[PDB]
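S.K.: Below: the sequence, then the experimentally determined structure.
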Amino acid sequence: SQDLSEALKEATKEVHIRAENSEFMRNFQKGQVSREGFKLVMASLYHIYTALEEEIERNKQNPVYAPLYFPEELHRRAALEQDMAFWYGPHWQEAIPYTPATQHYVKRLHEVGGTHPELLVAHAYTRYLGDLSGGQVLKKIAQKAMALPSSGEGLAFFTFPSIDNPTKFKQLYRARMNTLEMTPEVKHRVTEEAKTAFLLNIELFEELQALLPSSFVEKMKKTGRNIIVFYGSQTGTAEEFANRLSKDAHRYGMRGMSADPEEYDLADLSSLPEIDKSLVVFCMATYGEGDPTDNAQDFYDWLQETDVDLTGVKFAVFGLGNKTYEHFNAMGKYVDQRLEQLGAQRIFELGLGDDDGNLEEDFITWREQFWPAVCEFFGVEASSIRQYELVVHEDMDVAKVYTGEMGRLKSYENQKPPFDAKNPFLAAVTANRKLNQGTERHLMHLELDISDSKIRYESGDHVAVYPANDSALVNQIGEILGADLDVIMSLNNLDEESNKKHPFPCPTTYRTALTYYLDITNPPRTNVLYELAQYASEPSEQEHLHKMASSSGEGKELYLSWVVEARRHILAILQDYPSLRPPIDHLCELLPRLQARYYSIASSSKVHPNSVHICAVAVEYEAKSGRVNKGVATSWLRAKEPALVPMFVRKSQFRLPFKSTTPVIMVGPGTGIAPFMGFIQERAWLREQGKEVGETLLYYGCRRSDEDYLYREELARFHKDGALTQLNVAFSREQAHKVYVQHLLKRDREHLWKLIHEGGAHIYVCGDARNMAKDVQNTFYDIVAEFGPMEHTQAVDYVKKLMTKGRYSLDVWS
Ligand SMILES: Cc1cc2nc3c(=O)[nH]c(=O)nc-3n(C[C@H](O)[C@H](O)[C@H](O)COP(=O)(O)OP(=O)(O)OC[C@H]3O[C@@H](n4cnc5c(N)ncnc54)[C@H](O)[C@@H]3O)c2cc1C
Ligand code: HEM
Ligand SMILES: Cc1cc2nc3c(=O)[nH]c(=O)nc-3n(C[C@H](O)[C@H](O)[C@H](O)COP(=O)(O)O)c2cc1C
């Protein structure tokens, strides 16, 4: 096409297929990689990326490459050196080979970087964009086929810790590519050079392949088991889940096994009710276009044309899938919906594990609420074996006890860079004023000083904050539970080969754990109610706690209405159920960890390099349980008056256009104005530096002009200085009919289309507002369909392409 990204994708169409159909890459896809060939490719890649990043550093400020300089996010030389130390020993510097094809690739890289830097992009595209696509699956295939540690050693090349969303980053990178100004002949040369890079990788792969030359029912009867967990896996995740599930059985009073469904005629599911309290679990991954894993093909086909009566069979299904595919969890959903059709009854609800988000967290939640449901369905209420052992340290020095820090001991006092999720920096609160003018809600503007923390950030990045629970809650819990909160203790995992030795930093006090390490605020899960049922004296409340552990039946109605919908925290449950008198160590073992909370940075590092601004609305509501609930992070921050806040910075892909002349169309109702402030600041700064700045359009939305008009004075000043071109504010509560930002976009349709089509503008959408992103999206669909004559399909394809080129960025949350 005309934009460089689309031209590069279209030009390299055939060579990408040829590269991924090379014998080595095909064997890699099928899990047949072997250790020697992997060492070969990794050493070759070490040489290749060394040369590539050498030339990148050489031309990092040449205008023909400058917009593509992403060392913190993309560079691989360090991870490749780690992997060389792993795969070739401590003296890898002289032990790694240097094959002729690798030298050919390195020579081409050096020629480009030395005499034709305008082509260097074509090589980066060929490598980095490829690493951010298939790589994530290849790492898994590497982990299982070669049995590497789960800690990631040897596969550091496949890990990008500074890219939390490779799709959005690829969009940003395509955007940075299209900014490169070049003549059409140069564009054609660049596409041909991308073809050349693909061919170099292809012949490298070819050369490296030239250097290589009994029924389970009676089985469970003779082994004495009542649980079996079939896993449908291809890269080992469902296998791991099924193995952990069967492992919990022995540690729950029951007895289970994880088996491969391939070499078993599942017609033995009719023979399964002949085992006392038998239940079968299926951990099913789905591949292709809703196709089963190969190891489960015989299973899947069997459920096609069959009529085996499965009456009295107990089953449960957990699916492994990805929401980006349009056949989400087809295999798990099919197994679940089909086992009940043959007569079996569901014990626990079908789990839908998403791989786009945190699949591990979804599975942990599913298992945590699954085991109590089984124990309540079968009636084997024997109360399960614990997992953490209490050890009281009655005499111990204080310099050895965790006092609330997150990483190493005394890491909050001995603060040394780098600062990240495991070592947050304690920033001093310099400002904490009120932006809201009325009294509906409290909306605040905080400022955190990060002077000598060596922390970098850009407009659009996020800042995460570790809060602390309200001390009154902790004291009330310690009172009503009748225990001493200042008891220094520890909880040790007696699962000796599980390196998760503690539920939180230990040794520490119960007060510190309740304040900094635990949640004690969100509605409790099923597992904690089940494990607390054994501590209720009255049989009414004990039976309530037991019934709430059942996913099926009027227990779920009790659990959802009285706990979730009513928003009862742990203290409210201990209050309304006075029979509950459990110990405090078991409670600290059962409660989930306190999560950090993210906020869109509301400042530009080019004008506020030593400060991070936050714009947040305080959470405070009247729960349906009578009590008034407060948000942890927002209340904790509201109390901060100029006072340290443990925070760190997470990189996002929300970025202003590289060219200052490019216009921006920002849309952010309410708190979604947070990052745009920074944008505007930086934009204003670029005008003050004497640079030519394009149009800057803001579409903000609030209720009343005198209630929650955030940054009214600052935005007005920005507008009158010329920095903010248009201030289009939609007030949703000022007449009979409500007005949202969608209507203001619909109004300026013509100018917006001239900005998008002729000016090549960037569109931004941000905020909490529910169902707002799709409304803005449909509005842009209609604008593009109207002015630039198009069918609706052509317009939605135009907008999706803009999203691909990194011109339509979203940063929504909840
Ligand atoms: C990338 C990202 C960026 C973000 N940027 C911002 C930002 O710029 N500004 C900002 O303010 N927030 C932002 N957030 C959201 C923020 O992280 C928190 O979700 C929010 O600030 C509240 O945190 P909290 O700890 O105070 O409340 P929590 O302790 O976490 O409790 C919140 C829960 O309370 C419940 N709840 C809330 N209101 C009610 C109600 N009337 N009735 C019943 N239940 C209710 C809800 O179930 C809600 O989930 C962002 C989130 C992400 C992921
Ligand atoms: C194991 C074999 C491979 C498979 C299955 C594979 C698969 C894919 C897929 C599905 C995409 C599209 C992702 C997206 O559009 O966001 C992609 C993109 C890409 N792949 Fe790979 N790939 C493989 C190997 C390679 C190799 C060897 C290279 C070159 C060294 C490469 C370079 C790229 C590039 C440049 C893109 C980006 C295309 C674009 O969007 O412009 N891939 N790959
Ligand atoms: C080629 C391929 C196709 C996939 N197709 C789907 C799909 O159609 N639907 C879905 O929900 N997930 C799909 N996934 C996501 C997988 O189900 C997910 O990665 C799962 O965790 C794999 O589990 P495993 O490691 O045990 O094989 C697909 C993954 C790959 C690699």
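M.R.: Nice, I can see it. Residues are numbered from 1 along each chain as shown. Ligands and ions are numbered 1, 2, ... in the order given.
S.K.: If we ignore the residues flanking it in sequence, what's nearest the residue in the stretch 501-650 of the chain positioned nearest to ligand 1?
M.R.: Per CB to the nearest ligand atom, residue 631 is where the stretch 501-650 of the chain lies closest to ligand 1, at 2.5 Å. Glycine gets a C-beta too; all of them are placed from N, C-alpha and C. For residue 631, ignoring the flanking residues on the chain, the nearest one in space by CB to CB, 6 or more residues apart in numbering is residue 619 at 2.7 Å.
S.K.: Quick check, residue 172 in contact with residue 655.
M.R.: Yes - the criterion here is CB atoms under 8 Å, and residue 172 meets it with residue 655 at 5.8 Å.
S.K.: what's the helix or strand for the residue of the chain positioned farthest from its centre?
M.R.: Largest separation from the mean C-alpha position in the chain: residue 222, at 44.2 Å (CA atoms, centre = their mean). Per DSSP states H and E: residue 222 is located in helix 216-223.
S.K.: same for that helix, what does it pack against?
M.R.: strand 256-259 (3 or more CB pairs under 8 Å, 6 or more residues apart in numbering; DSSP states H and E).
S.K.: how about a cut-off of 6 Å?
M.R.: Helices and strands touching helix 216-223, by 3 or more CB pairs under 6 Å, 6 or more residues apart in numbering; DSSP states H and E: there are none.
S.K.: so residue 464 sits right up against residue 600, yeah?
M.R.: No - using CB atoms under 6 Å, residue 464 is not in contact with residue 600, being 11.1 Å away.
S.K.: So between those two, which is more surrounded?
M.R.: residue 600 (28 against 18; other CB atoms under 10 Å).
S.K.: List the neighbouring strands of the helix or strand harbouring that one plus their orientation.
M.R.: Under the criterion of DSSP H and E, residue 600 resides in strand 597-600. Within its sheet, strand 597-600 is paired with strand 462-465 (antiparallel), according to DSSP bridges.
S.K.: From the chain's centroid, how far away is the strand it pairs with?
M.R.: How far strand 462-465 lies from its chain's middle: 14 Å, per CA atoms, centre = their mean, to the nearest Å.
S.K.: ditto for stretch 43-52
M.R.: On CA atoms, centre = their mean, the centre of stretch 43-52 falls 30 Å from that of its chain.
S.K.: packing partners for the longest helix anywhere in the chain?
M.R.: If you go by DSSP state H, the chain has its longest helix at helix 184-210. On a contact count with 3+ CB pairs under 6 Å, 6+ apart, helix 184-210 meets helix 4-11, helix 13-20, helix 23-29, helix 100-115, helix 120-131.
S.K.: so which of the ones you listed comes closest to residue 611?
M.R.: With respect to residue 611, and counting by CB to CB, the nearest of the helices and strands packed on helix 184-210 is helix 120-131 at 32.3 Å.
S.K.: following the closest one, which helix or strand shows up next?
M.R.: helix 135-146.
S.K.: List the contacts of that next one.
M.R.: Helix 135-146 has contacts (CB atoms under 6 Å, 6 or more residues apart in numbering) with 31, 33, 35, 155, 158, 235, 236.
S.K.: Tell me how many other residues crowd the third one.
M.R.: Close neighbours of residue 35, defined as other CB under 10 Å, add up to 13.
S.K.: Just give the nearest non-adjacent residue to it, would you?
M.R.: residue 146 (5.9 Å).
S.K.: Ligand 2 versus the residue in the stretch 601-750 of the chain that ligand 3 sits nearest to, what's the distance?
M.R.: Relative to ligand 3, the nearest point of the stretch 601-750 of the chain is residue 653 (22.1 Å; CB to the nearest ligand atom). According to CB to the nearest ligand atom, to the nearest Å, residue 653 and ligand 2 sit 14 Å apart.
S.K.: That residue contacts residue 166, doesn't it?
M.R.: No - applying CB under 6 Å, one finds residue 653 not in contact with residue 166, separated by 9.4 Å.
S.K.: between those two, which one's more packed in?
M.R.: Looking at residue 653 and residue 166 with other CB under 10 Å, you find the greater number of neighbours at residue 653, namely 23 against 18.
S.K.: Phi and psi next, for the closest residue to that one other than its chain neighbours.
M.R.: In this structure, residue 653 finds its nearest non-sequential neighbour in residue 168, 3.8 Å apart by CB to CB, 6+ apart. Phi and psi for residue 168, reported as degrees, to the nearest 10, are phi -60, psi -30.
S.K.: give me the number of residues near residue 168?
M.R.: 19.
S.K.: right, and it touches residue 652 too?
M.R.: No - with contacts counted by CB under 6 Å, residue 168 stays clear of residue 652, the gap being 7.8 Å.
S.K.: quick one, what contacts the residue nearest in space to the middle of the chain?
M.R.: Central residue of the chain (CA atoms, centre = their mean): residue 357, 4.6 Å from the mean position. Not one residue lies near residue 357 by CB under 6 Å, 6+ apart.
S.K.: go with 8 Å
M.R.: Going by CB atoms under 8 Å, 6 or more residues apart in numbering, residue 357 touches residue 323.
S.K.: That one belongs to a strand?
M.R.: No - going by DSSP: H, G, I helix; E, B strand; the rest coil, the assignment for residue 357 is coil, not a strand.
S.K.: related to what we said a few turns ago, turn the contacts of helix 135-146 into TSV, columns for distance to ligand 3 and secondary structure.
M.R.: TSV is the format used below for these (distance: CB to the nearest ligand atom, whole Å; DSSP: H, G, I helix; E, B strand; the rest coil):
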residue	distance to ligand 3	secondary structure
31	10	coil
33	16	coil
35	21	helix
155	15	coil
158	14	helix
235	3	coil
236	5	coil
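S.K.: For ChimeraX, write the selection for the buried entries among those.
M.R.: To isolate the buried ones among the contacts of helix 135-146 in ChimeraX, judged by 16 or more other CB atoms under 10 Å, type:
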select :33,155,158,235,236
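S.K.: Can you tell me which of the contacts of helix 135-146 are also in contact with ligand 1?
M.R.: Among these, no residue sits close to ligand 1 (CB under 6 Å from any ligand atom).
S.K.: quick check, nearest of the contacts of helix 135-146 to ligand 2?
M.R.: So of the contacts of helix 135-146, ranked by how close each gets to ligand 2 (CB to the nearest ligand atom), first place is residue 33, at 10.8 Å.
S.K.: Tell me the spacing between the closest one and residue 127.
M.R.: 19 Å (CB to CB, to the nearest Å).
S.K.: So which residues of the stretch 351-500 of the chain form strands?
M.R.: Assigned by DSSP state E, counting those that start in this stretch, the strands in the stretch 351-500 of the chain fall at 351-354, 388-392, 425-434, 443-449, 462-465, 488-493.
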